[PDB]
Amino acid sequence: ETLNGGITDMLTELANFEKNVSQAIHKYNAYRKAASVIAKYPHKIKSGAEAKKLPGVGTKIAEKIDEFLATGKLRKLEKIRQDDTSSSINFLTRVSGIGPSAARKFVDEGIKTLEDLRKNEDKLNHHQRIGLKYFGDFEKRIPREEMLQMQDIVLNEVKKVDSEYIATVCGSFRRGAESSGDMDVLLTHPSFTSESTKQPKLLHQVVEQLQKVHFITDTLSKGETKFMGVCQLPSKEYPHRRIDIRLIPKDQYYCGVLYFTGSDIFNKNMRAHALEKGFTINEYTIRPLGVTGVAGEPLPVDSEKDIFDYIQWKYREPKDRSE
DNA sequence: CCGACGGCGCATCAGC
DNA sequence: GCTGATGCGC
DNA sequence: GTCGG
Ligand SMILES: Nc1ccn([C@H]2C[C@H](O)[C@@H](COP(=O)(O)OP(=O)(O)OP(=O)(O)O)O2)c(=O)n1
Ligand SMILES: *CC[C@H](OP(*)(=O)O)[C@H](O)COP(=O)(O)O
Ligand SMILES: [Ca+2]
Ligand SMILES: [Ca+2]
Ligand SMILES: [Ca+2]
Ligand SMILES: [Cl-]
Ligand SMILES: [Cl-]
Ligand code: NA
Ligand code: NA
């Protein structure tokens with residue numbers, strides 16, 4: 001399969017266990033970070049001591065890598081795999097809206113399967129019912145050809161509402177992925193900027209038009225700057241797809257498109273590197289950290305590249321932000 | 001030893 | 001009613 | 001779980 005695939009699968013399994021079963025989010029993030037650095041390491045790891053040189057691999061992961069390399073398994077993961085209760089909780093978190101807390105609450109009350117959830121819809125919130133309704137569709141990848149049909153509809157329909165909107169498809173699509181988990185749309189309008197005195201009421205109008213033409217079929221969440229929902233290409237029916245729309249102040253487009261292009265791991269790595277250089281980056285601003293350790297005033301951003309320059313990173317094209 | 005760990009929008013929960 | 005914490009996801 | 005202070 002892959003160089004060190006044994007080790008990174010083992011760390012991913014541990015990560016998922018800590019997140020889904022232990023609800024130990026720091027251990028989850030630790031395992032995820034080690035899995036990522038090892039997956040990038042361009043050599044066959046022969047010992048835990050070799051892995052321990054990598055940033056994010058410590059004593060405990062070195063010891064697991066030693067057990068895994070010597071035995072071809074981890075007894076801890078043997079046991080977790082034996083554990084029906086860990087398995088039920090892991091499975092239920094695959095429903096959109098079910099996290100570790102809901103999954104444990106359900107398994108505690110004997111609700112372990114998709115069938116058990118369908119029998120107990122009164123115990124689900126809206127997001128979970130939609131996640132359940134489209135469980136299969138939401139795990140199917142969107143071929144780039146369909147992403148292009150979807151982009152055509154979104155850009156066409158947004159222009160119908162107001163010719164001044166600019167819609168940009170972000171996420172894996174903007175990084176040039178041949179398939180995407182979902183569709184991420186960044187939206188700007190000239191009347192919505194960082195200096196706007198009142199809450200924008202723009203997103204509702206775009207969501208309404210996409211609902212009116214039956215492209216958007218369901219709503220998971222809706223506020224003034226974020227919509228999360230479900231959409232479907234018109235036709236055998238196409239699968240229902242997740243769609244996220246983010247309305248970002250027009251003058252903060254560079255920070256917005258950097259965030260919304262990802263990847264998630266790239267973003268986490270870039271923001272961590274910013275912190276070590278004395279900056280904090282969010283979807284809106286890059287701010288310097290002062291002596292008191294707190295974010296100062298937003299810095300001028302006149303390009304996507306300016307953000308990289310502040311933290312002294314070589315510019316990466318969207319295609320080079322994947323994992 | 002210690003606290004930090006990327007940063008945030010929305011829905012729901014929990015408590016006054 | 002309200003405000004803030006937690007859950008979940010981007 | 002790992003790191004930096
Ligand atoms: N934990 C996360 C998740 C996401 N994002 C940002 C970067 C992502 O690229 C973007 C959209 O999130 P998705 O989960 O849709 O990620 P992708 O579009 O990269 O992947 P996929 O093909 O799974 O949709 O949001 C982030 O900063 N942190
Ligand atoms: C992988 C080994 C673990 O590292 P972490 O601090 O999760 C622990 O050493 C296992 O110890 P336990 O929590 O006592 O099982
Ligand atoms: Ca190390
Ligand atoms: Ca889930
Ligand atoms: Ca995406
Ligand atoms: Cl933890
Ligand atoms: Cl963490
Ligand atoms: Na780590
Ligand atoms: Na998304």
Side-chain angles (χ1 to χ4, degrees), chain A residues 10-11 14-15 17-20 22-38 48 51-65 76 92-106 123-131 138 170-172 174 180-186 199-200 203 207 219-230 242-249 252 255-277 279-287 289 293 295 307 311:
Chain A
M10 169 191 74
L11 295 169
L14 281 183
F17 172 77
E18 290 299 338
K19 181 181 212 262
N20 292 338
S22 310
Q23 306 186 259
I25 189 60
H26 306 299
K27 296 173 183 190
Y28 158 74
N29 286 315
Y31 280 131
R32 199 166 156 76
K33 180 182 170 193
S36 182
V37 63
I38 285 167
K52 202 188 181 309
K53 304 171 178 174
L54 300 185
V57 183
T59 304
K60 303 324 308 259
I61 291 167
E63 284 168 352
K64 283 160 158 78
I65 286 165
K76 190 193 189 218
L92 288 186
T93 62
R94 284 164 67 180
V95 180
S96 192
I98 308 191
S101 177
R104 177 171 291 285
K105 166 197 67 204
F106 290 139
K123 291 172 154 26
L124 297 219
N125 64 39
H126 183 65
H127 184 140
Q128 290 166 347
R129 296 184 172 99
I130 295 312
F138 283 3
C170 294
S172 53
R174 184 154 188 277
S180 301
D182 69 5
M183 173 166 264
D184 304 296
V185 184
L186 195 65
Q199 290 176 356
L203 184 48
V207 167
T219 298
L220 299 172
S221 43
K222 188 223 277 274
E224 271 161 7
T225 64
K226 183 166 74 177
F227 174 84
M228 301 175 24
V230 184
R242 286 277 292 101
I243 180 162
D244 298 350
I245 306 170
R246 289 298 319 271
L247 172 72
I248 60 156
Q252 302 180 325
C255 284
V257 75
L258 177 60
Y259 156 72
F260 211 30
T261 299
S263 69
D264 63 335
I265 290 159
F266 176 79
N267 284 354
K268 182 168 178 169
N269 288 345
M270 186 160 183
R271 291 177 182 198
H273 183 75
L275 283 175
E276 84 160 42
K277 293 273 100 198
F279 299 84
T280 181
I281 299 172
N282 67 22
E283 66 201 74
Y284 307 117
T285 58
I286 180 165
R287 290 175 304 160
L289 300 173
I307 307 164
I311 73 176

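Labels below follow one simple rule: chain letters A, B, ... track the order of the sequence lines, proteins then strands, and each chain is numbered from 1. Basis for what follows: all heavy atoms, side chains included, without hydrogens, waters or symmetry-related copies.
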message: Going strictly by the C1'-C2'-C3'-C4' torsion (positive north, negative south), how would you label C:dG1?
response: north
For a quick check of understanding: with a heavy-atom distance under 4.0 Å over all strands, which category does [X] fall into, base, sugar-phosphate or nothing?
| X | result |
| --- | --- |
| A:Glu224 | sugar-phosphate |
| A:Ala102 | sugar-phosphate |
| A:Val37 | nothing |
| A:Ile25 | nothing |
| A:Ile281 | sugar-phosphate |
| A:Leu54 | sugar-phosphate |
| A:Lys27 | base |

[N] [atom2] sits how many Å from [X] [atom1], rounded?
| X | N | atom1 | atom2 | answer |
| --- | --- | --- | --- | --- |
| A:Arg104 | C:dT6 | CZ | P | 18 Å |
| A:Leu258 | B:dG6 | CG | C1' | 12 Å |
| A:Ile130 | B:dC10 | CD1 | P | 19 Å |
| A:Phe260 | B:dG6 | CZ | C1' | 16 Å |
| A:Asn282 | B:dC8 | CG | P | 5 Å |

Closest listed nucleotide, where the reference is the side chain of [X] and the choices are [options]:
| X | options | answer |
| --- | --- | --- |
| A:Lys226 | B:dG6, B:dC10, D:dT2 | B:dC10 |
| A:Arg242 | B:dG7, C:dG9, B:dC8 | C:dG9 |
| A:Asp184 | C:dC10, B:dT12, B:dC10 | C:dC10 |
| A:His26 | D:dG1, B:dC10, C:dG7 | D:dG1 |

- prompt: How long is the gap from CG on A:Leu186 to CG on A:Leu258, to the nearest 0.5 Å?
  reply: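 Between A:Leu186 CG and A:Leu258 CG, I get 11.0 Å after rounding to 0.5 Å.
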query: Does the ring of A:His127 meet both stacking tests against the six-membered base ring of C:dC8: centre distance under 5.5 Å and plane angle under 30°?
result: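 No, the aromatic ring of A:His127 does not stack with the base.
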query: Can you list the steps and then say if A:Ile265 with A:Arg32 is a side chain to side chain contact (heavy atoms under 4.5 Å, CB included)?
result: CA-CA 9 Å; A:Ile265 290 159; A:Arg32 199 166 156 76; 3.7 Å; yes
- prompt: 5'-most contact on DNA chain B: A:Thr219 or A:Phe279, nearest heavy atom basis?
  reply: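 Counting from the 5' end, the first nearest nucleotide belongs to A:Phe279.
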Distance-only donor-acceptor test (3.5 Å): side chain A:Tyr259, base B:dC8: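 There is none.
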